[PDB]
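Colleague: Take a look at model_4.cif, mmCIF, C-alpha atoms:
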data_upload
#
loop_
_atom_site.label_atom_id
_atom_site.label_comp_id
_atom_site.auth_asym_id
_atom_site.auth_seq_id
_atom_site.Cartn_x
_atom_site.Cartn_y
_atom_site.Cartn_z
CA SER A 2 -53.07 35.19 -59.00
CA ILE A 3 -50.25 37.45 -58.07
CA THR A 4 -48.73 40.36 -60.05
CA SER A 5 -45.19 41.80 -59.84
CA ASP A 6 -46.62 45.07 -58.44
CA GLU A 7 -48.36 43.19 -55.65
CA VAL A 8 -45.31 41.21 -54.60
CA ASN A 9 -43.18 44.37 -54.92
CA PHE A 10 -45.58 46.28 -52.66
CA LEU A 11 -45.63 43.41 -50.14
CA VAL A 12 -41.81 43.33 -50.14
CA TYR A 13 -41.49 47.13 -49.93
CA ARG A 14 -43.81 47.10 -46.89
CA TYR A 15 -41.86 44.22 -45.31
CA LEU A 16 -38.59 46.18 -45.59
CA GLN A 17 -40.28 49.29 -44.12
CA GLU A 18 -41.93 47.45 -41.23
CA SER A 19 -38.68 45.64 -40.38
CA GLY A 20 -36.69 48.90 -40.32
CA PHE A 21 -34.58 48.00 -43.40
CA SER A 22 -34.23 51.67 -44.21
CA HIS A 23 -31.50 51.46 -46.85
CA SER A 24 -33.13 48.57 -48.70
CA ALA A 25 -36.60 50.14 -48.57
CA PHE A 26 -35.24 53.30 -50.21
CA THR A 27 -33.34 51.50 -52.99
CA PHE A 28 -36.20 49.07 -53.61
CA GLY A 29 -38.95 51.71 -53.79
CA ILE A 30 -36.97 53.33 -56.64
CA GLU A 31 -35.80 50.13 -58.42
CA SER A 32 -39.27 48.55 -58.39
CA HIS A 33 -40.83 51.88 -59.49
CA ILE A 34 -43.23 51.65 -56.45
CA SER A 35 -44.72 55.16 -56.98
CA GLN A 36 -46.10 54.00 -60.32
CA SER A 37 -47.83 51.02 -58.81
CA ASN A 38 -51.57 51.22 -58.22
CA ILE A 39 -51.86 49.71 -54.78
CA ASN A 40 -53.48 51.63 -51.91
CA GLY A 41 -50.95 51.10 -49.11
CA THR A 42 -53.38 52.24 -46.39
CA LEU A 43 -55.46 49.15 -47.27
CA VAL A 44 -52.45 46.84 -46.94
CA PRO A 45 -52.34 45.44 -43.37
CA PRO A 46 -49.10 45.08 -41.37
CA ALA A 47 -47.07 41.84 -41.74
CA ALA A 48 -48.96 41.10 -44.96
CA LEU A 49 -45.94 39.41 -46.63
CA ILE A 50 -45.15 37.29 -43.57
CA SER A 51 -48.82 36.32 -43.20
CA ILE A 52 -49.50 35.30 -46.80
CA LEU A 53 -46.27 33.37 -46.69
CA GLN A 54 -47.19 31.51 -43.45
CA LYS A 55 -50.49 30.57 -45.10
CA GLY A 56 -48.60 29.35 -48.15
CA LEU A 57 -46.50 27.02 -46.02
CA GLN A 58 -49.63 25.80 -44.20
CA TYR A 59 -51.43 25.30 -47.52
CA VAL A 60 -48.64 23.04 -48.84
CA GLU A 61 -48.54 21.12 -45.52
CA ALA A 62 -52.28 20.39 -45.89
CA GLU A 63 -51.90 19.36 -49.55
CA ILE A 64 -49.29 16.84 -48.34
CA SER A 65 -51.12 15.49 -45.25
CA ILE A 66 -54.29 14.49 -47.19
CA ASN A 67 -52.27 11.95 -49.22
CA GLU A 68 -49.90 11.06 -46.35
CA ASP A 69 -51.32 7.64 -45.36
CA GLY A 70 -52.76 6.45 -48.69
CA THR A 71 -55.41 3.75 -48.23
CA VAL A 72 -55.36 0.04 -47.31
CA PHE A 73 -56.73 -0.63 -50.84
CA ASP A 74 -53.77 0.90 -52.75
CA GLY A 75 -51.99 -1.33 -55.32
CA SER B 2 -43.62 29.11 -38.18
CA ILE B 3 -41.55 31.17 -40.65
CA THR B 4 -38.52 32.91 -39.14
CA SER B 5 -37.01 36.35 -39.97
CA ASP B 6 -33.91 34.82 -41.54
CA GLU B 7 -36.12 32.62 -43.73
CA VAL B 8 -38.23 35.51 -45.01
CA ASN B 9 -35.02 37.52 -45.50
CA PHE B 10 -33.43 34.80 -47.55
CA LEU B 11 -36.61 34.43 -49.63
CA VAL B 12 -36.69 38.17 -50.47
CA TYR B 13 -32.91 38.37 -51.02
CA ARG B 14 -33.27 35.61 -53.65
CA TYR B 15 -36.30 37.37 -55.15
CA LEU B 16 -34.30 40.62 -55.45
CA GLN B 17 -31.33 38.80 -57.06
CA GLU B 18 -33.53 36.82 -59.45
CA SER B 19 -35.73 39.78 -60.45
CA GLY B 20 -32.63 41.78 -61.36
CA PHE B 21 -33.09 44.33 -58.59
CA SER B 22 -29.28 44.76 -58.46
CA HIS B 23 -28.94 47.63 -56.02
CA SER B 24 -31.63 46.34 -53.60
CA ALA B 25 -30.06 42.85 -53.48
CA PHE B 26 -26.67 44.40 -52.77
CA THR B 27 -28.01 46.70 -50.05
CA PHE B 28 -30.38 44.07 -48.60
CA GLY B 29 -27.62 41.47 -48.47
CA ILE B 30 -25.73 43.76 -46.08
CA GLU B 31 -28.66 45.12 -44.05
CA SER B 32 -30.01 41.56 -43.64
CA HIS B 33 -26.58 40.32 -42.58
CA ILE B 34 -27.22 37.50 -45.07
CA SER B 35 -24.02 36.00 -43.56
CA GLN B 36 -21.84 37.70 -46.16
CA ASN B 40 -29.09 26.20 -47.62
CA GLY B 41 -29.37 28.29 -50.78
CA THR B 42 -29.34 24.99 -52.68
CA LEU B 43 -32.69 23.96 -51.18
CA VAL B 44 -34.31 27.32 -52.13
CA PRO B 45 -35.14 26.93 -55.85
CA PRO B 46 -35.92 29.82 -58.20
CA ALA B 47 -39.15 31.89 -57.87
CA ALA B 48 -39.59 30.63 -54.23
CA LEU B 49 -41.03 33.75 -52.56
CA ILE B 50 -43.50 33.98 -55.44
CA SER B 51 -44.45 30.27 -55.33
CA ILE B 52 -45.15 30.34 -51.56
CA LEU B 53 -47.09 33.64 -51.84
CA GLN B 54 -49.15 32.02 -54.56
CA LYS B 55 -50.03 29.12 -52.23
CA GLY B 56 -50.89 31.66 -49.50
CA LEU B 57 -53.49 33.39 -51.70
CA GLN B 58 -54.99 30.01 -52.57
CA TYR B 59 -55.33 29.49 -48.79
CA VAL B 60 -56.77 33.02 -48.27
CA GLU B 61 -59.36 32.34 -51.01
CA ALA B 62 -60.29 29.17 -49.09
CA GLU B 63 -61.01 31.18 -45.91
CA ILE B 64 -63.00 33.63 -48.07
CA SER B 65 -65.02 30.63 -49.29
CA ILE B 66 -66.07 29.59 -45.75
CA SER C 2 -0.34 62.51 -55.24
CA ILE C 3 -3.85 61.72 -53.93
CA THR C 4 -4.64 58.00 -53.63
CA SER C 5 -7.96 56.16 -54.26
CA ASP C 6 -8.45 55.38 -50.58
CA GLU C 7 -7.91 59.06 -49.75
CA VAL C 8 -10.48 60.30 -52.27
CA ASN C 9 -12.84 57.54 -51.08
CA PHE C 10 -12.53 58.58 -47.48
CA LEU C 11 -13.07 62.23 -48.43
CA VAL C 12 -16.33 61.43 -50.30
CA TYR C 13 -17.51 58.94 -47.64
CA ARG C 14 -17.20 61.75 -45.05
CA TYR C 15 -18.93 64.19 -47.41
CA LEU C 16 -21.85 61.74 -47.85
CA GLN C 17 -22.13 61.19 -44.06
CA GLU C 18 -21.89 64.91 -43.26
CA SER C 19 -24.31 66.02 -46.01
CA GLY C 20 -26.92 63.59 -44.70
CA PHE C 21 -26.84 61.36 -47.78
CA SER C 22 -27.74 58.38 -45.56
CA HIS C 23 -28.26 55.66 -48.14
CA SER C 24 -25.23 56.66 -50.28
CA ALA C 25 -22.91 56.71 -47.24
CA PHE C 26 -24.16 53.27 -46.22
CA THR C 27 -23.77 51.82 -49.71
CA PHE C 28 -20.48 53.63 -50.42
CA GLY C 29 -19.00 52.49 -47.10
CA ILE C 30 -19.41 48.90 -48.29
CA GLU C 31 -18.52 49.33 -51.98
CA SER C 32 -15.42 51.36 -50.97
CA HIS C 33 -14.43 48.70 -48.44
CA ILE C 34 -13.93 51.64 -46.07
CA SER C 35 -12.41 48.99 -43.75
CA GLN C 36 -15.77 48.32 -42.10
CA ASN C 40 -7.12 58.59 -39.51
CA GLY C 41 -10.68 59.89 -39.47
CA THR C 42 -9.57 62.18 -36.64
CA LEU C 43 -7.23 64.10 -38.96
CA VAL C 44 -10.00 64.61 -41.57
CA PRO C 45 -12.05 67.54 -40.19
CA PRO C 46 -15.57 68.43 -41.32
CA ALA C 47 -16.27 69.83 -44.84
CA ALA C 48 -12.85 68.47 -46.07
CA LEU C 49 -13.74 67.39 -49.63
CA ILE C 50 -15.38 70.80 -50.08
CA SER C 51 -12.46 72.76 -48.59
CA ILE C 52 -9.87 71.03 -50.83
CA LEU C 53 -12.10 71.41 -53.93
CA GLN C 54 -12.37 75.08 -53.11
CA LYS C 55 -8.56 75.40 -53.06
CA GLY C 56 -8.43 73.50 -56.37
CA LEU C 57 -10.68 76.04 -58.11
CA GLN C 58 -8.55 78.87 -56.73
CA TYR C 59 -5.59 77.08 -58.38
CA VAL C 60 -7.54 76.53 -61.66
CA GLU C 61 -8.41 80.27 -61.72
CA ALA C 62 -4.67 80.96 -61.36
CA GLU C 63 -3.88 78.89 -64.49
CA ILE C 64 -6.74 80.71 -66.26
CA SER C 65 -5.01 83.97 -65.28
CA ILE C 66 -1.72 83.03 -66.99
CA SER D 2 -16.92 79.38 -55.54
CA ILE D 3 -18.44 75.98 -55.41
CA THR D 4 -22.14 74.98 -55.20
CA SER D 5 -23.68 71.78 -53.78
CA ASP D 6 -24.86 70.81 -57.30
CA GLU D 7 -21.32 71.11 -58.63
CA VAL D 8 -19.73 69.00 -55.92
CA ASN D 9 -22.62 66.50 -56.21
CA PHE D 10 -22.06 66.22 -59.97
CA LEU D 11 -18.30 65.81 -59.47
CA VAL D 12 -18.93 63.08 -56.88
CA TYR D 13 -21.60 61.35 -59.00
CA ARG D 14 -19.13 61.25 -61.92
CA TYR D 15 -16.35 59.96 -59.66
CA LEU D 16 -18.54 57.05 -58.51
CA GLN D 17 -19.51 56.28 -62.14
CA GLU D 18 -15.95 56.44 -63.48
CA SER D 19 -14.65 54.24 -60.64
CA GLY D 20 -17.33 51.59 -61.26
CA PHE D 21 -19.11 52.19 -57.91
CA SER D 22 -22.36 51.09 -59.46
CA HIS D 23 -24.47 50.74 -56.30
CA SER D 24 -23.31 54.06 -54.84
CA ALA D 25 -23.75 55.92 -58.14
CA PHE D 26 -27.36 54.76 -58.34
CA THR D 27 -28.25 55.67 -54.74
CA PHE D 28 -26.40 58.98 -54.92
CA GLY D 29 -27.93 60.12 -58.23
CA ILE D 30 -31.36 59.78 -56.55
CA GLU D 31 -30.44 61.13 -53.07
CA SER D 32 -28.65 64.20 -54.47
CA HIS D 33 -31.52 64.77 -56.96
CA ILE D 34 -28.90 64.80 -59.82
CA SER D 35 -31.53 64.93 -62.62
CA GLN D 36 -32.67 68.31 -61.33
CA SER D 37 -29.20 69.75 -61.43
CA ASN D 38 -28.28 72.04 -64.30
CA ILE D 39 -24.84 70.78 -65.20
CA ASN D 40 -24.03 69.56 -68.73
CA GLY D 41 -22.23 66.28 -68.02
CA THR D 42 -20.82 66.03 -71.55
CA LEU D 43 -18.79 69.17 -70.72
CA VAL D 44 -17.43 67.63 -67.50
CA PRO D 45 -14.06 65.96 -68.26
CA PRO D 46 -13.05 62.57 -66.80
CA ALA D 47 -11.31 62.49 -63.37
CA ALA D 48 -12.58 66.02 -62.72
CA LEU D 49 -13.02 65.42 -58.94
CA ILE D 50 -9.57 63.82 -58.58
CA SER D 51 -7.97 66.62 -60.62
CA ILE D 52 -9.51 69.59 -58.83
CA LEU D 53 -8.62 67.88 -55.59
CA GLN D 54 -4.95 67.32 -56.60
CA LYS D 55 -4.78 71.01 -57.50
CA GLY D 56 -6.27 71.88 -54.11
CA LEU D 57 -3.54 69.96 -52.32
CA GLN D 58 -0.88 71.59 -54.53
CA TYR D 59 -2.40 75.03 -53.91
CA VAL D 60 -2.15 74.60 -50.12
CA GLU D 61 1.44 73.27 -50.45
CA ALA D 62 2.39 76.46 -52.35
CA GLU D 63 0.62 78.71 -49.80
CA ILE D 64 2.79 77.02 -47.14
CA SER D 65 6.15 77.02 -48.99
CA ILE D 66 6.15 80.81 -49.62
CA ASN D 67 6.28 81.46 -45.84
CA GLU D 68 8.41 78.39 -45.06
CA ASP D 69 11.80 80.07 -44.45
CA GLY D 70 10.70 83.49 -43.18
CA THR D 71 13.44 86.12 -43.58
CA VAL D 72 16.72 86.88 -41.79
CA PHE D 73 15.10 90.19 -40.68
CA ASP D 74 12.19 88.62 -38.73
CA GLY D 75 11.78 89.65 -35.05
#
Using C-alpha cells, write down the structure that the file contains.

Modeller:
Amino acid sequence: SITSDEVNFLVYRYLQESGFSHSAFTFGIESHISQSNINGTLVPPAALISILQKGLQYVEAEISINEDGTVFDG
Amino acid sequence: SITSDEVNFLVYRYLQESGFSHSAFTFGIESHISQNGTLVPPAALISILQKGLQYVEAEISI
Amino acid sequence: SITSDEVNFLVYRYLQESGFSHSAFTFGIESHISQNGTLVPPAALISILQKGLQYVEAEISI
Amino acid sequence: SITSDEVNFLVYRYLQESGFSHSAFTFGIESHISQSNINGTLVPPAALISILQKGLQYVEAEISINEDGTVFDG
C-alpha cells in the first residue's frame, strides 16, 4: 500500500515519458526524487497509466458483482 | 480506457493538493489544462492507484 | 526610465539565449510576455549591465 | 567586468524581489545559484534595475558628447 515516493516516481516517469520536459525538471526537484530509493531501471514504461487503468477496472468489478442483487432481497 | 487528458487532470490535482506549487504551475501550462473538476474529489490519483495495486496483487495471486 | 516590461523582456531574452530552458518557459508565462524583439539584439541585458558598471566605476572615481 | 555568476545573482534577486516565485525557484536551480560565491546580504535591493538604468544613462552620455560635432568639422 502505496508510499509518496512511489507515486512521485510514477508521476516523474509519466512526465518524462510524455515529453513534459519543464514539469519533469521542476517535479524531480520539488519531490526530492534523487533522495528516493526506487530503482528506475526496474520501473516499466507507462507504469502510472497501467496501474491506473487496473484501478478503474478493479472498481468496475467491485460494482458489477453487486449490480443485479438477488431475487431473494428484501 | 483512461485518456491523456484524464491522467493529466489527475496528476495536476495531485500536484496542487500535495503542495508541489511550481510543478502544478508548470504542468498546468504544459498540459494545456485549458487555462469536471467538481467530480474529481481529493486524493483521486492516489485512490485509483491504490485500487490498481489491489488488482495487481490479484493477478499475482493467480 | 526603464519599465518593468522592458526589464522583463531583457531577462526573458537572457534566459532563452543562455539556454536556461525551464526558467525561460516559466518566466515567459509569469511575466505575461504577451504569449519589438527585433530591436533587442543578442546579449542585451549583459551589454547594458556592462555599461552600468562602467558608470558605477565613474561615480566611484569622483 | 561582469561574470555569469554576478548576472545570475542579479537576475535571481530581481525575480525574488518582483514576486516571480515560480521563475525564481526554477532559475536558482538551473543557474546553480547555491554554488555561486556571492554574499546576497551585501547585494542591495533593485540592484539589477539600478545597474541597468545607469547603463542606459551611460550610453546616453556617450552619445550626447558627440551630438553637435563642431563648426570646424570637414

Colleague: Tell me which of B:61, B:66, B:41, B:26 sits closest to chain D, counting all atoms listed in the file.

Modeller: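 Among B:61, B:66, B:41, B:26, it is B:26 that comes nearest to chain D.
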
Colleague: Using the chain letters and numbers from the file, which residues does the PyMOL selection byres ((chain D) within 10 of (chain C)) grab, as a ChimeraX atom specification?

Modeller: /D:2-5,8-9,12,15-16,19-32,49-60

Colleague: After a least-squares superposition on chain B over all sequentially paired C-alpha atoms, what is chain C as a PDB file with C-alpha atoms, in the frame of the given file?

Modeller:
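This went into part14.pdb:
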ATOM      1  CA  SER C   2     -43.625  29.112 -38.180  1.00  0.00           C
ATOM      2  CA  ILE C   3     -41.552  31.170 -40.657  1.00  0.00           C
ATOM      3  CA  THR C   4     -38.518  32.911 -39.136  1.00  0.00           C
ATOM      4  CA  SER C   5     -37.012  36.351 -39.977  1.00  0.00           C
ATOM      5  CA  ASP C   6     -33.908  34.826 -41.537  1.00  0.00           C
ATOM      6  CA  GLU C   7     -36.116  32.617 -43.720  1.00  0.00           C
ATOM      7  CA  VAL C   8     -38.233  35.509 -45.002  1.00  0.00           C
ATOM      8  CA  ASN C   9     -35.020  37.517 -45.500  1.00  0.00           C
ATOM      9  CA  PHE C  10     -33.430  34.802 -47.559  1.00  0.00           C
ATOM     10  CA  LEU C  11     -36.609  34.431 -49.626  1.00  0.00           C
ATOM     11  CA  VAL C  12     -36.693  38.179 -50.469  1.00  0.00           C
ATOM     12  CA  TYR C  13     -32.907  38.372 -51.014  1.00  0.00           C
ATOM     13  CA  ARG C  14     -33.271  35.610 -53.649  1.00  0.00           C
ATOM     14  CA  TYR C  15     -36.301  37.365 -55.150  1.00  0.00           C
ATOM     15  CA  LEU C  16     -34.298  40.624 -55.454  1.00  0.00           C
ATOM     16  CA  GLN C  17     -31.325  38.800 -57.059  1.00  0.00           C
ATOM     17  CA  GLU C  18     -33.528  36.811 -59.452  1.00  0.00           C
ATOM     18  CA  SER C  19     -35.731  39.777 -60.452  1.00  0.00           C
ATOM     19  CA  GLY C  20     -32.633  41.776 -61.366  1.00  0.00           C
ATOM     20  CA  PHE C  21     -33.085  44.334 -58.587  1.00  0.00           C
ATOM     21  CA  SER C  22     -29.287  44.759 -58.457  1.00  0.00           C
ATOM     22  CA  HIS C  23     -28.944  47.635 -56.020  1.00  0.00           C
ATOM     23  CA  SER C  24     -31.636  46.336 -53.605  1.00  0.00           C
ATOM     24  CA  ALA C  25     -30.061  42.853 -53.486  1.00  0.00           C
ATOM     25  CA  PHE C  26     -26.667  44.404 -52.767  1.00  0.00           C
ATOM     26  CA  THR C  27     -28.013  46.695 -50.051  1.00  0.00           C
ATOM     27  CA  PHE C  28     -30.384  44.076 -48.597  1.00  0.00           C
ATOM     28  CA  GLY C  29     -27.611  41.467 -48.467  1.00  0.00           C
ATOM     29  CA  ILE C  30     -25.732  43.761 -46.084  1.00  0.00           C
ATOM     30  CA  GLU C  31     -28.661  45.128 -44.048  1.00  0.00           C
ATOM     31  CA  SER C  32     -30.012  41.556 -43.639  1.00  0.00           C
ATOM     32  CA  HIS C  33     -26.577  40.316 -42.580  1.00  0.00           C
ATOM     33  CA  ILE C  34     -27.216  37.498 -45.063  1.00  0.00           C
ATOM     34  CA  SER C  35     -24.024  35.994 -43.560  1.00  0.00           C
ATOM     35  CA  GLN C  36     -21.839  37.700 -46.163  1.00  0.00           C
ATOM     36  CA  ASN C  40     -29.094  26.201 -47.623  1.00  0.00           C
ATOM     37  CA  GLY C  41     -29.372  28.285 -50.776  1.00  0.00           C
ATOM     38  CA  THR C  42     -29.343  24.990 -52.682  1.00  0.00           C
ATOM     39  CA  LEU C  43     -32.697  23.964 -51.185  1.00  0.00           C
ATOM     40  CA  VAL C  44     -34.310  27.318 -52.131  1.00  0.00           C
ATOM     41  CA  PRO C  45     -35.145  26.932 -55.852  1.00  0.00           C
ATOM     42  CA  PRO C  46     -35.913  29.822 -58.200  1.00  0.00           C
ATOM     43  CA  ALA C  47     -39.147  31.890 -57.872  1.00  0.00           C
ATOM     44  CA  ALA C  48     -39.593  30.628 -54.229  1.00  0.00           C
ATOM     45  CA  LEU C  49     -41.024  33.754 -52.552  1.00  0.00           C
ATOM     46  CA  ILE C  50     -43.500  33.972 -55.441  1.00  0.00           C
ATOM     47  CA  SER C  51     -44.448  30.274 -55.331  1.00  0.00           C
ATOM     48  CA  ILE C  52     -45.151  30.340 -51.560  1.00  0.00           C
ATOM     49  CA  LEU C  53     -47.093  33.638 -51.845  1.00  0.00           C
ATOM     50  CA  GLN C  54     -49.155  32.024 -54.557  1.00  0.00           C
ATOM     51  CA  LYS C  55     -50.035  29.120 -52.230  1.00  0.00           C
ATOM     52  CA  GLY C  56     -50.888  31.658 -49.506  1.00  0.00           C
ATOM     53  CA  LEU C  57     -53.484  33.390 -51.698  1.00  0.00           C
ATOM     54  CA  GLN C  58     -54.994  30.013 -52.575  1.00  0.00           C
ATOM     55  CA  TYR C  59     -55.326  29.487 -48.793  1.00  0.00           C
ATOM     56  CA  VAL C  60     -56.765  33.024 -48.262  1.00  0.00           C
ATOM     57  CA  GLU C  61     -59.357  32.336 -51.011  1.00  0.00           C
ATOM     58  CA  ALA C  62     -60.285  29.167 -49.090  1.00  0.00           C
ATOM     59  CA  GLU C  63     -61.013  31.182 -45.910  1.00  0.00           C
ATOM     60  CA  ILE C  64     -62.999  33.634 -48.071  1.00  0.00           C
ATOM     61  CA  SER C  65     -65.015  30.627 -49.284  1.00  0.00           C
ATOM     62  CA  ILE C  66     -66.062  29.589 -45.754  1.00  0.00           C
TER      63      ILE C  66
END

Colleague: Mind pulling up the distance from CA of residue 66 in chain D to CA of residue 11 in chain C?

Modeller: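 One can read the CA of residue 11 in chain C to CA of residue 66 in chain D distance as 26.8 Å.
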
Colleague: When you draw a straight line from CA of residue 42 in chain B to CA of residue 14 in chain B, how long is it in Å?

Modeller: 11.4 Å

Colleague: Measure the distance from CA of residue 40 in chain D to CA of residue 35 in chain A in Å and round it to one decimal.

Modeller: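 CA of residue 35 in chain A lies at a distance of 27.8 Å from CA of residue 40 in chain D.
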
Colleague: Tell me which of B:36, B:47, B:17, B:7 sits closest to chain C, counting only C-alpha atoms.

Modeller: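 Of the candidates, the smallest distance to chain C is held by B:36.
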
Colleague: Just the residues within 10 Å of residue 38 in chain D, please, counting only C-alpha atoms, with nothing from its chain fewer than 2 positions along; format it as an NGL selection string.

Modeller: :D and (6-7 or 10 or 34-36 or 40-41)

Colleague: Any chance you could export the current selection's C-alpha atoms as an mmCIF file, keeping the file's coordinate frame?

Modeller:
data_model
loop_
_atom_site.group_PDB
_atom_site.id
_atom_site.type_symbol
_atom_site.label_atom_id
_atom_site.label_comp_id
_atom_site.auth_asym_id
_atom_site.auth_seq_id
_atom_site.Cartn_x
_atom_site.Cartn_y
_atom_site.Cartn_z
ATOM 1 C CA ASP D 6 -24.860 70.810 -57.300
ATOM 2 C CA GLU D 7 -21.320 71.110 -58.630
ATOM 3 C CA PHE D 10 -22.060 66.220 -59.970
ATOM 4 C CA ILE D 34 -28.900 64.800 -59.820
ATOM 5 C CA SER D 35 -31.530 64.930 -62.620
ATOM 6 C CA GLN D 36 -32.670 68.310 -61.330
ATOM 7 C CA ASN D 40 -24.030 69.560 -68.730
ATOM 8 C CA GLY D 41 -22.230 66.280 -68.020
#
